[PDB]
Amino acid sequence: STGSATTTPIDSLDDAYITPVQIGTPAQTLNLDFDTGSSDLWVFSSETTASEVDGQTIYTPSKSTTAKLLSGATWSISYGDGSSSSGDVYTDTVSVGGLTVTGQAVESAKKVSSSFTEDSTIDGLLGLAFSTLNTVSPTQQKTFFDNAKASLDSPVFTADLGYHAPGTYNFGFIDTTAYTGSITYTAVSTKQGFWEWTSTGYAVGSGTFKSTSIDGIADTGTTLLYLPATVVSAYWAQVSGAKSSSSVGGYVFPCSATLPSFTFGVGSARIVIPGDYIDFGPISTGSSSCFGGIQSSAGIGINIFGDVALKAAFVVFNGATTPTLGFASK
């Protein structure tokens, strides 16, 4: 089997991407944030504290003839950005882009943190990291991809995120029309539960490529590109007037600037992030100071190849017995 679904930016800055997901019978379609950095499929629901729902579409398990409460199971997750959610668990039928999994754990939120409430466009998350990170207790549950894997034509999914435009998540096949040149594959460590890999270096603008190993994660659920302070400093030094602002929480730059591109290495291959992808707009409405899309990972504890990087590529998440990651230009 295969599936193919369009993923759409939630706003004009590409802060996150939503993908429609059918849950239950009859289908209840929710728009979920596909997150290769976590492993829980959780939804706003009829059980979510009412004051914590503000415009989201909810899953109502009582209206699904295939929903079953997973007795005794609870979940609770805290994300890198400080947000969180928790609740109980159903199993139900879940379909993405025509690919159906029966018996998928659907984690129903009883509580969500303010950042989720305030984002009316995201109805929940669909985790695509390794199932070892799943938070369900006392019996850990499998991700949608893990459940689907054996039925797929090939045990892969691909992320093709757009810049200010829709893109695609495919399951079970590689669309050879969706990229240019070749896909370069690189080793993955699953030791921390992530799609963790080592970039071979970087360049800023038209500058020379610096060969240096950068270990990090491919994370569709993180907006920005978080890299070591040395790398980030080298990038922003090429932007007149750019500075790190403790009050704002990262590098800012004059909105009148033209940003240089940023290149990252995948083996001997190179992915070029255009400068415009690195512009996250005014820090506050009407400001002429703009927020940078490349930020330091110092004190995150890990480098993160978030949407800023991934949307410059066609990315293969290869879930073979030994997982790997593939990147192509597009």
# chains A, B, ... in the order shown; residues from 1 in each chain; ligands from 1
call {"tool": "closest_atom_pairs", "arguments": {"of": "range 6-118 of chain A", "to": "range 138-141 of chain A", "cutoff": "8 Å", "atoms": "only C-alpha atoms", "output": "JSON lines"}}
result
{"residue": "A:72", "atom": "CA", "partner": "A:138", "partner_atom": "CA", "distance": 7.7}
{"residue": "A:73", "atom": "CA", "partner": "A:138", "partner_atom": "CA", "distance": 6.2}
{"residue": "A:74", "atom": "CA", "partner": "A:138", "partner_atom": "CA", "distance": 7.5}
{"residue": "A:105", "atom": "CA", "partner": "A:141", "partner_atom": "CA", "distance": 6.5}
call {"tool": "closest_atom_pairs", "arguments": {"of": "range 199-281 of chain A", "to": "range 288-306 of chain A", "cutoff": "6 Å", "atoms": "only C-alpha atoms", "output": "tab-separated table"}}
result
residue	atom	partner	partner_atom	distance
A:216	CA	A:303	CA	4.3
A:217	CA	A:304	CA	5.0
A:218	CA	A:305	CA	4.9
A:219	CA	A:306	CA	4.9
A:220	CA	A:306	CA	5.6
A:222	CA	A:306	CA	4.7
A:223	CA	A:306	CA	5.3
A:224	CA	A:306	CA	5.0
A:225	CA	A:294	CA	4.8
A:226	CA	A:297	CA	4.8
A:227	CA	A:297	CA	5.0
A:228	CA	A:297	CA	5.5
A:229	CA	A:296	CA	5.0
A:232	CA	A:296	CA	6.0
A:251	CA	A:292	CA	5.6
A:252	CA	A:291	CA	4.6
A:253	CA	A:290	CA	5.3
A:254	CA	A:289	CA	4.9
A:255	CA	A:290	CA	5.1
A:278	CA	A:293	CA	4.2
A:279	CA	A:292	CA	5.6
A:280	CA	A:291	CA	5.1
A:281	CA	A:290	CA	4.8
call {"tool": "write_last_selection", "arguments": {"atoms": "N, CA and C atoms", "output": "PDB file, in the first residue's frame"}}
result
ATOM      1  N   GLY A 216      22.814  16.090  14.267  1.00  0.00           N
ATOM      2  CA  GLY A 216      21.549  16.715  14.586  1.00  0.00           C
ATOM      3  C   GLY A 216      20.389  15.845  14.149  1.00  0.00           C
ATOM      4  N   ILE A 217      19.175  16.349  14.341  1.00  0.00           N
ATOM      5  CA  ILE A 217      17.992  15.570  14.025  1.00  0.00           C
ATOM      6  C   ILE A 217      17.195  16.217  12.903  1.00  0.00           C
ATOM      7  N   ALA A 218      16.605  15.382  12.053  1.00  0.00           N
ATOM      8  CA  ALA A 218      15.669  15.847  11.034  1.00  0.00           C
ATOM      9  C   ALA A 218      14.298  15.921  11.687  1.00  0.00           C
ATOM     10  N   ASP A 219      13.802  17.141  11.887  1.00  0.00           N
ATOM     11  CA  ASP A 219      12.615  17.360  12.709  1.00  0.00           C
ATOM     12  C   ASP A 219      11.596  18.270  12.022  1.00  0.00           C
ATOM     13  N   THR A 220      10.592  17.654  11.413  1.00  0.00           N
ATOM     14  CA  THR A 220       9.577  18.420  10.700  1.00  0.00           C
ATOM     15  C   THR A 220       8.708  19.249  11.644  1.00  0.00           C
ATOM     16  N   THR A 222       9.816  21.149  14.129  1.00  0.00           N
ATOM     17  CA  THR A 222      10.518  22.335  14.598  1.00  0.00           C
ATOM     18  C   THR A 222      10.594  23.298  13.423  1.00  0.00           C
ATOM     19  N   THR A 223      10.274  24.561  13.661  1.00  0.00           N
ATOM     20  CA  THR A 223      10.210  25.532  12.580  1.00  0.00           C
ATOM     21  C   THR A 223      11.581  25.880  12.005  1.00  0.00           C
ATOM     22  N   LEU A 224      12.532  26.142  12.899  1.00  0.00           N
ATOM     23  CA  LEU A 224      13.800  26.765  12.530  1.00  0.00           C
ATOM     24  C   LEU A 224      14.956  25.766  12.432  1.00  0.00           C
ATOM     25  N   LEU A 225      16.102  26.274  11.997  1.00  0.00           N
ATOM     26  CA  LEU A 225      17.340  25.524  11.902  1.00  0.00           C
ATOM     27  C   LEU A 225      18.206  25.929  13.080  1.00  0.00           C
ATOM     28  N   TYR A 226      18.466  24.982  13.986  1.00  0.00           N
ATOM     29  CA  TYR A 226      19.259  25.235  15.189  1.00  0.00           C
ATOM     30  C   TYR A 226      20.598  24.522  15.070  1.00  0.00           C
ATOM     31  N   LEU A 227      21.676  25.309  15.088  1.00  0.00           N
ATOM     32  CA  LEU A 227      23.019  24.804  14.817  1.00  0.00           C
ATOM     33  C   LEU A 227      24.000  25.347  15.843  1.00  0.00           C
ATOM     34  N   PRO A 228      25.218  24.796  15.887  1.00  0.00           N
ATOM     35  CA  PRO A 228      26.171  25.262  16.902  1.00  0.00           C
ATOM     36  C   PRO A 228      26.451  26.762  16.805  1.00  0.00           C
ATOM     37  N   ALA A 229      26.741  27.364  17.943  1.00  0.00           N
ATOM     38  CA  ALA A 229      26.950  28.813  18.015  1.00  0.00           C
ATOM     39  C   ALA A 229      28.004  29.312  17.034  1.00  0.00           C
ATOM     40  N   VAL A 232      26.358  29.489  13.542  1.00  0.00           N
ATOM     41  CA  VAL A 232      25.339  30.527  13.494  1.00  0.00           C
ATOM     42  C   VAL A 232      25.975  31.919  13.493  1.00  0.00           C
ATOM     43  N   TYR A 251      18.927  35.638  17.260  1.00  0.00           N
ATOM     44  CA  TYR A 251      19.410  36.538  16.238  1.00  0.00           C
ATOM     45  C   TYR A 251      18.269  37.249  15.532  1.00  0.00           C
ATOM     46  N   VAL A 252      18.453  38.559  15.403  1.00  0.00           N
ATOM     47  CA  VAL A 252      17.558  39.436  14.676  1.00  0.00           C
ATOM     48  C   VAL A 252      18.382  40.186  13.639  1.00  0.00           C
ATOM     49  N   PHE A 253      17.710  40.734  12.640  1.00  0.00           N
ATOM     50  CA  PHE A 253      18.406  41.432  11.567  1.00  0.00           C
ATOM     51  C   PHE A 253      17.499  42.524  10.999  1.00  0.00           C
ATOM     52  N   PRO A 254      18.092  43.536  10.352  1.00  0.00           N
ATOM     53  CA  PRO A 254      17.256  44.591   9.781  1.00  0.00           C
ATOM     54  C   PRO A 254      16.352  44.031   8.694  1.00  0.00           C
ATOM     55  N   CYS A 255      15.072  44.362   8.724  1.00  0.00           N
ATOM     56  CA  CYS A 255      14.163  43.794   7.746  1.00  0.00           C
ATOM     57  C   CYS A 255      14.514  44.220   6.307  1.00  0.00           C
ATOM     58  N   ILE A 278      15.168  32.038   5.374  1.00  0.00           N
ATOM     59  CA  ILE A 278      15.739  32.330   6.682  1.00  0.00           C
ATOM     60  C   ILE A 278      15.092  33.585   7.305  1.00  0.00           C
ATOM     61  N   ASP A 279      14.174  34.204   6.573  1.00  0.00           N
ATOM     62  CA  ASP A 279      13.464  35.395   7.055  1.00  0.00           C
ATOM     63  C   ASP A 279      12.155  35.003   7.749  1.00  0.00           C
ATOM     64  N   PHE A 280      12.051  35.297   9.047  1.00  0.00           N
ATOM     65  CA  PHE A 280      10.827  35.022   9.796  1.00  0.00           C
ATOM     66  C   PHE A 280      10.078  36.281  10.195  1.00  0.00           C
ATOM     67  N   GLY A 281      10.393  37.374   9.507  1.00  0.00           N
ATOM     68  CA  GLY A 281       9.573  38.569   9.554  1.00  0.00           C
ATOM     69  C   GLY A 281       9.740  39.385  10.814  1.00  0.00           C
TER      70      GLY A 281
END
call {"tool": "atom_distance", "arguments": {"atom1": "CA of residue 19 in chain A", "atom2": "CA of residue 168 in chain A"}}
result
8.7 Å
call {"tool": "closest_residue", "arguments": {"among": "A:134, A:176, A:211, A:6", "to": "residue 31 in chain A", "atoms": "only C-alpha atoms"}}
result
A:6
call {"tool": "closest_residue", "arguments": {"among": "A:170, A:329, A:29, A:132", "to": "residue 64 in chain A", "atoms": "only C-alpha atoms"}}
result
A:29
call {"tool": "select_by_dssp", "arguments": {"residues": "range 110-328 of chain A", "states": "helix (DSSP H, G or I)", "output": "JSON, numbers by chain"}}
result
{"A": [114, 115, 116, 117, 118, 131, 132, 133, 144, 145, 146, 147, 148, 149, 150, 151, 229, 230, 231, 232, 233, 234, 235, 236, 275, 276, 277, 278, 307, 308, 309, 310]}
call {"tool": "write_last_selection", "arguments": {"atoms": "C-alpha atoms", "output": "short mmCIF file (atom, residue, chain, number, x, y, z; two decimals), in the first residue's frame"}}
result
data_model
loop_
_atom_site.label_atom_id
_atom_site.label_comp_id
_atom_site.auth_asym_id
_atom_site.auth_seq_id
_atom_site.Cartn_x
_atom_site.Cartn_y
_atom_site.Cartn_z
CA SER A 114 -1.49 27.58 26.16
CA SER A 115 0.53 27.50 22.93
CA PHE A 116 -1.67 24.68 21.60
CA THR A 117 -4.89 26.42 22.65
CA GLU A 118 -3.74 29.61 20.96
CA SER A 131 8.22 4.37 18.78
CA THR A 132 10.69 4.13 21.69
CA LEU A 133 9.79 7.80 22.45
CA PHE A 144 1.31 5.45 12.58
CA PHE A 145 4.36 4.73 10.43
CA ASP A 146 5.47 1.80 12.60
CA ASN A 147 1.97 0.29 12.34
CA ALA A 148 1.77 0.88 8.58
CA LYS A 149 5.28 -0.25 7.75
CA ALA A 150 4.74 -3.92 7.00
CA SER A 151 1.89 -3.13 4.59
CA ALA A 229 26.95 28.81 18.01
CA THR A 230 30.12 28.93 15.91
CA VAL A 231 28.18 28.13 12.72
CA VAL A 232 25.34 30.53 13.49
CA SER A 233 27.74 33.36 14.31
CA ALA A 234 29.50 32.82 10.98
CA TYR A 235 26.16 33.03 9.17
CA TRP A 236 24.86 36.22 10.82
CA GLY A 275 18.24 33.40 1.97
CA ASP A 276 14.53 34.17 1.88
CA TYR A 277 13.81 30.88 3.73
CA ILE A 278 15.74 32.33 6.68
CA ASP A 307 11.59 23.11 8.58
CA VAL A 308 13.94 25.90 7.41
CA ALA A 309 16.42 23.20 6.32
CA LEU A 310 14.05 20.40 5.40
#
call {"tool": "select_by_dssp", "arguments": {"residues": "range 121-229 of chain A", "states": "strand (DSSP E or B)", "output": "PDB file with N, CA, C and O atoms, in the first residue's frame"}}
result
ATOM      1  N   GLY A 124      -3.828  18.726  16.509  1.00  0.00           N
ATOM      2  CA  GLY A 124      -3.066  17.683  17.171  1.00  0.00           C
ATOM      3  C   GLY A 124      -1.780  17.409  16.416  1.00  0.00           C
ATOM      4  O   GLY A 124      -1.447  18.110  15.448  1.00  0.00           O
ATOM      5  N   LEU A 125      -1.044  16.411  16.891  1.00  0.00           N
ATOM      6  CA  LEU A 125       0.239  16.025  16.308  1.00  0.00           C
ATOM      7  C   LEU A 125       0.195  14.569  15.866  1.00  0.00           C
ATOM      8  O   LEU A 125      -0.492  13.738  16.464  1.00  0.00           O
ATOM      9  N   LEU A 126       0.955  14.257  14.829  1.00  0.00           N
ATOM     10  CA  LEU A 126       1.166  12.890  14.412  1.00  0.00           C
ATOM     11  C   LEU A 126       2.667  12.633  14.399  1.00  0.00           C
ATOM     12  O   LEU A 126       3.402  13.131  13.555  1.00  0.00           O
ATOM     13  N   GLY A 127       3.125  11.906  15.406  1.00  0.00           N
ATOM     14  CA  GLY A 127       4.542  11.684  15.592  1.00  0.00           C
ATOM     15  C   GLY A 127       5.096  10.653  14.624  1.00  0.00           C
ATOM     16  O   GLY A 127       4.463   9.615  14.372  1.00  0.00           O
ATOM     17  N   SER A 137       1.489   5.127  28.770  1.00  0.00           N
ATOM     18  CA  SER A 137       1.783   4.300  29.922  1.00  0.00           C
ATOM     19  C   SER A 137       0.485   3.636  30.369  1.00  0.00           C
ATOM     20  O   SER A 137      -0.575   4.267  30.308  1.00  0.00           O
ATOM     21  N   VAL A 156       9.150   3.294   3.929  1.00  0.00           N
ATOM     22  CA  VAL A 156       9.665   4.655   3.866  1.00  0.00           C
ATOM     23  C   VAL A 156       8.523   5.637   3.942  1.00  0.00           C
ATOM     24  O   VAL A 156       7.378   5.324   3.584  1.00  0.00           O
ATOM     25  N   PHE A 157       8.847   6.847   4.365  1.00  0.00           N
ATOM     26  CA  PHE A 157       7.988   7.983   4.097  1.00  0.00           C
ATOM     27  C   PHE A 157       8.868   9.145   3.673  1.00  0.00           C
ATOM     28  O   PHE A 157      10.065   9.155   3.953  1.00  0.00           O
ATOM     29  N   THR A 158       8.277  10.091   2.948  1.00  0.00           N
ATOM     30  CA  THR A 158       9.026  11.246   2.466  1.00  0.00           C
ATOM     31  C   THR A 158       8.324  12.540   2.845  1.00  0.00           C
ATOM     32  O   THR A 158       7.087  12.615   2.892  1.00  0.00           O
ATOM     33  N   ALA A 159       9.151  13.539   3.136  1.00  0.00           N
ATOM     34  CA  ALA A 159       8.690  14.887   3.436  1.00  0.00           C
ATOM     35  C   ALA A 159       9.175  15.814   2.335  1.00  0.00           C
ATOM     36  O   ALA A 159      10.366  15.934   2.077  1.00  0.00           O
ATOM     37  N   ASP A 160       8.224  16.523   1.747  1.00  0.00           N
ATOM     38  CA  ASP A 160       8.482  17.490   0.683  1.00  0.00           C
ATOM     39  C   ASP A 160       7.741  18.771   1.062  1.00  0.00           C
ATOM     40  O   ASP A 160       6.661  19.052   0.563  1.00  0.00           O
ATOM     41  N   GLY A 167       2.942  21.287   0.098  1.00  0.00           N
ATOM     42  CA  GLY A 167       3.912  20.244  -0.165  1.00  0.00           C
ATOM     43  C   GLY A 167       3.234  18.918   0.093  1.00  0.00           C
ATOM     44  O   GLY A 167       2.006  18.840   0.118  1.00  0.00           O
ATOM     45  N   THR A 168       4.035  17.873   0.267  1.00  0.00           N
ATOM     46  CA  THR A 168       3.517  16.516   0.300  1.00  0.00           C
ATOM     47  C   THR A 168       4.249  15.620   1.286  1.00  0.00           C
ATOM     48  O   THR A 168       5.473  15.650   1.368  1.00  0.00           O
ATOM     49  N   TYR A 169       3.464  14.806   1.999  1.00  0.00           N
ATOM     50  CA  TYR A 169       3.974  13.630   2.710  1.00  0.00           C
ATOM     51  C   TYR A 169       3.512  12.382   1.972  1.00  0.00           C
ATOM     52  O   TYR A 169       2.309  12.194   1.770  1.00  0.00           O
ATOM     53  N   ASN A 170       4.468  11.544   1.571  1.00  0.00           N
ATOM     54  CA  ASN A 170       4.150  10.260   0.937  1.00  0.00           C
ATOM     55  C   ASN A 170       4.592   9.125   1.846  1.00  0.00           C
ATOM     56  O   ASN A 170       5.613   9.230   2.533  1.00  0.00           O
ATOM     57  N   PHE A 171       3.814   8.050   1.829  1.00  0.00           N
ATOM     58  CA  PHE A 171       4.112   6.845   2.588  1.00  0.00           C
ATOM     59  C   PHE A 171       4.207   5.677   1.627  1.00  0.00           C
ATOM     60  O   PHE A 171       3.289   5.434   0.846  1.00  0.00           O
ATOM     61  N   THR A 184      20.912  11.511  -1.875  1.00  0.00           N
ATOM     62  CA  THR A 184      22.069  11.046  -1.120  1.00  0.00           C
ATOM     63  C   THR A 184      21.620  10.578   0.247  1.00  0.00           C
ATOM     64  O   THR A 184      20.995  11.319   0.999  1.00  0.00           O
ATOM     65  N   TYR A 185      21.964   9.330   0.550  1.00  0.00           N
ATOM     66  CA  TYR A 185      21.590   8.710   1.804  1.00  0.00           C
ATOM     67  C   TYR A 185      22.732   8.791   2.810  1.00  0.00           C
ATOM     68  O   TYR A 185      23.910   8.781   2.460  1.00  0.00           O
ATOM     69  N   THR A 186      22.352   8.873   4.070  1.00  0.00           N
ATOM     70  CA  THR A 186      23.297   9.090   5.148  1.00  0.00           C
ATOM     71  C   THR A 186      22.836   8.288   6.374  1.00  0.00           C
ATOM     72  O   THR A 186      21.633   8.047   6.550  1.00  0.00           O
ATOM     73  N   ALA A 187      23.789   7.870   7.211  1.00  0.00           N
ATOM     74  CA  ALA A 187      23.486   7.011   8.354  1.00  0.00           C
ATOM     75  C   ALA A 187      22.637   7.702   9.421  1.00  0.00           C
ATOM     76  O   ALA A 187      22.720   8.913   9.640  1.00  0.00           O
ATOM     77  N   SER A 189      21.373   7.365  13.576  1.00  0.00           N
ATOM     78  CA  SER A 189      21.387   6.751  14.889  1.00  0.00           C
ATOM     79  C   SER A 189      20.008   6.857  15.506  1.00  0.00           C
ATOM     80  O   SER A 189      19.430   7.949  15.556  1.00  0.00           O
ATOM     81  N   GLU A 196      18.385  10.900  13.752  1.00  0.00           N
ATOM     82  CA  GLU A 196      19.615  11.615  14.067  1.00  0.00           C
ATOM     83  C   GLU A 196      20.696  11.231  13.082  1.00  0.00           C
ATOM     84  O   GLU A 196      20.906  10.054  12.813  1.00  0.00           O
ATOM     85  N   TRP A 197      21.369  12.236  12.529  1.00  0.00           N
ATOM     86  CA  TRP A 197      22.338  12.036  11.456  1.00  0.00           C
ATOM     87  C   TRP A 197      23.464  13.060  11.598  1.00  0.00           C
ATOM     88  O   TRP A 197      23.410  13.912  12.485  1.00  0.00           O
ATOM     89  N   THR A 198      24.488  12.961  10.758  1.00  0.00           N
ATOM     90  CA  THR A 198      25.634  13.860  10.835  1.00  0.00           C
ATOM     91  C   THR A 198      25.852  14.551   9.498  1.00  0.00           C
ATOM     92  O   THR A 198      26.220  13.919   8.508  1.00  0.00           O
ATOM     93  N   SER A 199      25.608  15.853   9.475  1.00  0.00           N
ATOM     94  CA  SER A 199      25.906  16.660   8.315  1.00  0.00           C
ATOM     95  C   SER A 199      27.414  16.792   8.192  1.00  0.00           C
ATOM     96  O   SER A 199      28.140  16.800   9.181  1.00  0.00           O
ATOM     97  N   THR A 200      27.877  16.926   6.960  1.00  0.00           N
ATOM     98  CA  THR A 200      29.302  16.973   6.670  1.00  0.00           C
ATOM     99  C   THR A 200      29.872  18.390   6.619  1.00  0.00           C
ATOM    100  O   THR A 200      31.073  18.554   6.401  1.00  0.00           O
ATOM    101  N   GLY A 201      29.036  19.413   6.809  1.00  0.00           N
ATOM    102  CA  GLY A 201      29.555  20.764   6.916  1.00  0.00           C
ATOM    103  C   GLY A 201      28.610  21.809   6.385  1.00  0.00           C
ATOM    104  O   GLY A 201      27.429  21.538   6.201  1.00  0.00           O
ATOM    105  N   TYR A 202      29.122  23.011   6.146  1.00  0.00           N
ATOM    106  CA  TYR A 202      28.252  24.098   5.731  1.00  0.00           C
ATOM    107  C   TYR A 202      29.008  25.162   4.945  1.00  0.00           C
ATOM    108  O   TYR A 202      30.236  25.238   4.981  1.00  0.00           O
ATOM    109  N   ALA A 203      28.247  26.001   4.250  1.00  0.00           N
ATOM    110  CA  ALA A 203      28.775  27.228   3.647  1.00  0.00           C
ATOM    111  C   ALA A 203      27.768  28.344   3.879  1.00  0.00           C
ATOM    112  O   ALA A 203      26.562  28.088   3.998  1.00  0.00           O
ATOM    113  N   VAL A 204      28.261  29.577   3.896  1.00  0.00           N
ATOM    114  CA  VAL A 204      27.416  30.756   3.999  1.00  0.00           C
ATOM    115  C   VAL A 204      27.488  31.513   2.686  1.00  0.00           C
ATOM    116  O   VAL A 204      28.574  31.899   2.241  1.00  0.00           O
ATOM    117  N   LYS A 210      32.891  24.624   4.576  1.00  0.00           N
ATOM    118  CA  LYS A 210      33.633  24.170   5.744  1.00  0.00           C
ATOM    119  C   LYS A 210      33.255  22.738   6.067  1.00  0.00           C
ATOM    120  O   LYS A 210      32.103  22.447   6.401  1.00  0.00           O
ATOM    121  N   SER A 211      34.226  21.841   5.960  1.00  0.00           N
ATOM    122  CA  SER A 211      34.009  20.445   6.270  1.00  0.00           C
ATOM    123  C   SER A 211      34.097  20.265   7.775  1.00  0.00           C
ATOM    124  O   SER A 211      35.145  20.497   8.385  1.00  0.00           O
ATOM    125  N   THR A 212      32.986  19.867   8.378  1.00  0.00           N
ATOM    126  CA  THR A 212      32.914  19.691   9.817  1.00  0.00           C
ATOM    127  C   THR A 212      31.666  18.884  10.131  1.00  0.00           C
ATOM    128  O   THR A 212      30.621  19.097   9.529  1.00  0.00           O
ATOM    129  N   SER A 213      31.786  17.931  11.046  1.00  0.00           N
ATOM    130  CA  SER A 213      30.655  17.070  11.388  1.00  0.00           C
ATOM    131  C   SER A 213      29.681  17.778  12.307  1.00  0.00           C
ATOM    132  O   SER A 213      30.064  18.278  13.358  1.00  0.00           O
ATOM    133  N   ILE A 214      28.412  17.796  11.913  1.00  0.00           N
ATOM    134  CA  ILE A 214      27.353  18.407  12.712  1.00  0.00           C
ATOM    135  C   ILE A 214      26.277  17.363  12.938  1.00  0.00           C
ATOM    136  O   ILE A 214      25.493  17.053  12.032  1.00  0.00           O
ATOM    137  N   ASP A 215      26.231  16.819  14.152  1.00  0.00           N
ATOM    138  CA  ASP A 215      25.226  15.827  14.509  1.00  0.00           C
ATOM    139  C   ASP A 215      23.918  16.539  14.836  1.00  0.00           C
ATOM    140  O   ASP A 215      23.908  17.484  15.602  1.00  0.00           O
ATOM    141  N   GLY A 216      22.814  16.090  14.267  1.00  0.00           N
ATOM    142  CA  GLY A 216      21.549  16.715  14.586  1.00  0.00           C
ATOM    143  C   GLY A 216      20.389  15.845  14.149  1.00  0.00           C
ATOM    144  O   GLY A 216      20.582  14.756  13.612  1.00  0.00           O
ATOM    145  N   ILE A 217      19.175  16.349  14.341  1.00  0.00           N
ATOM    146  CA  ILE A 217      17.992  15.570  14.025  1.00  0.00           C
ATOM    147  C   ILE A 217      17.195  16.217  12.903  1.00  0.00           C
ATOM    148  O   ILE A 217      17.096  17.432  12.820  1.00  0.00           O
ATOM    149  N   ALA A 218      16.605  15.382  12.053  1.00  0.00           N
ATOM    150  CA  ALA A 218      15.669  15.847  11.034  1.00  0.00           C
ATOM    151  C   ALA A 218      14.298  15.921  11.687  1.00  0.00           C
ATOM    152  O   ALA A 218      13.698  14.886  12.008  1.00  0.00           O
ATOM    153  N   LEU A 225      16.102  26.274  11.997  1.00  0.00           N
ATOM    154  CA  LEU A 225      17.340  25.524  11.902  1.00  0.00           C
ATOM    155  C   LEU A 225      18.206  25.929  13.080  1.00  0.00           C
ATOM    156  O   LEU A 225      18.611  27.090  13.181  1.00  0.00           O
ATOM    157  N   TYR A 226      18.466  24.982  13.986  1.00  0.00           N
ATOM    158  CA  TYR A 226      19.259  25.235  15.189  1.00  0.00           C
ATOM    159  C   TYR A 226      20.598  24.522  15.070  1.00  0.00           C
ATOM    160  O   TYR A 226      20.651  23.288  14.976  1.00  0.00           O
ATOM    161  N   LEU A 227      21.676  25.309  15.088  1.00  0.00           N
ATOM    162  CA  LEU A 227      23.019  24.804  14.817  1.00  0.00           C
ATOM    163  C   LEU A 227      24.000  25.347  15.843  1.00  0.00           C
ATOM    164  O   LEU A 227      23.675  26.248  16.597  1.00  0.00           O
TER     165      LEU A 227
END
call {"tool": "closest_residue", "arguments": {"among": "A:80, A:112, A:205, A:33", "to": "residue 263 in chain A", "atoms": "only C-alpha atoms"}}
result
A:205
call {"tool": "closest_residue", "arguments": {"among": "A:328, A:122, A:152, A:16", "to": "residue 265 in chain A", "atoms": "only C-alpha atoms"}}
result
A:328
call {"tool": "atom_distance", "arguments": {"atom1": "CA of residue 11 in chain A", "atom2": "CA of residue 164 in chain A"}}
result
8.4 Å
call {"tool": "closest_residue", "arguments": {"among": "A:93, A:43, A:316, A:55", "to": "residue 75 in chain A", "atoms": "only C-alpha atoms"}}
result
A:43
call {"tool": "residues_around", "arguments": {"residues": "residue 153 in chain A", "least_positions_apart": "5", "cutoff": "10 Å", "atoms": "only C-alpha atoms", "output": "number ranges by chain"}}
result
A: 1-2, 171-173
call {"tool": "closest_residue", "arguments": {"among": "A:113, A:76, A:35, A:18", "to": "residue 51 in chain A", "atoms": "only C-alpha atoms"}}
result
A:113
call {"tool": "residues_around", "arguments": {"residues": "residue 20 in chain A", "least_positions_apart": "4", "cutoff": "10 Å", "atoms": "only C-alpha atoms", "output": "list in words"}}
result
residues 5, 6, 7, 8, 28, 29, 30, 31, 32, 33, 34, 95, 96, 97 and 123 of chain A
call {"tool": "write_last_selection", "arguments": {"atoms": "N, CA and C atoms", "output": "short mmCIF file (atom, residue, chain, number, x, y, z; two decimals), in the first residue's frame"}}
result
data_model
loop_
_atom_site.label_atom_id
_atom_site.label_comp_id
_atom_site.auth_asym_id
_atom_site.auth_seq_id
_atom_site.Cartn_x
_atom_site.Cartn_y
_atom_site.Cartn_z
N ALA A 5 -0.47 12.61 0.96
CA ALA A 5 -1.28 13.70 1.49
C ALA A 5 -0.56 15.02 1.33
N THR A 6 -1.32 16.05 1.02
CA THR A 6 -0.79 17.40 0.94
C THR A 6 -0.65 17.99 2.33
N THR A 7 0.46 18.68 2.54
CA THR A 7 0.74 19.38 3.78
C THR A 7 0.83 20.88 3.48
N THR A 8 0.25 21.70 4.35
CA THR A 8 0.00 23.11 4.06
C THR A 8 0.53 23.96 5.21
N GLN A 28 -13.64 11.31 10.90
CA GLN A 28 -13.52 12.66 11.44
C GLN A 28 -12.17 13.18 10.97
N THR A 29 -12.18 14.22 10.15
CA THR A 29 -10.94 14.73 9.59
C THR A 29 -10.40 15.85 10.46
N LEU A 30 -9.19 15.65 10.96
CA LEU A 30 -8.47 16.62 11.77
C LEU A 30 -7.18 16.99 11.04
N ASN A 31 -6.74 18.22 11.22
CA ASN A 31 -5.51 18.70 10.59
C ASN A 31 -4.38 18.60 11.59
N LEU A 32 -3.46 17.67 11.33
CA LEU A 32 -2.43 17.36 12.32
C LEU A 32 -1.06 17.85 11.86
N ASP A 33 -0.22 18.14 12.84
CA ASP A 33 1.16 18.56 12.61
C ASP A 33 2.04 17.30 12.62
N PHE A 34 2.50 16.87 11.45
CA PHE A 34 3.36 15.70 11.32
C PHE A 34 4.74 16.04 11.85
N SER A 95 -6.47 7.10 8.80
CA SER A 95 -6.04 7.10 7.42
C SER A 95 -5.37 8.42 7.05
N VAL A 96 -4.27 8.30 6.32
CA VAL A 96 -3.51 9.44 5.81
C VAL A 96 -3.35 9.27 4.32
N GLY A 97 -3.96 10.16 3.55
CA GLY A 97 -3.74 10.17 2.13
C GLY A 97 -4.07 8.85 1.47
N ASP A 123 -4.88 20.76 15.06
CA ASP A 123 -5.82 19.92 15.80
C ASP A 123 -5.15 18.80 16.59
#
call {"tool": "atom_distance", "arguments": {"atom1": "CA of residue 88 in chain A", "atom2": "CA of residue 110 in chain A"}}
result
7.2 Å
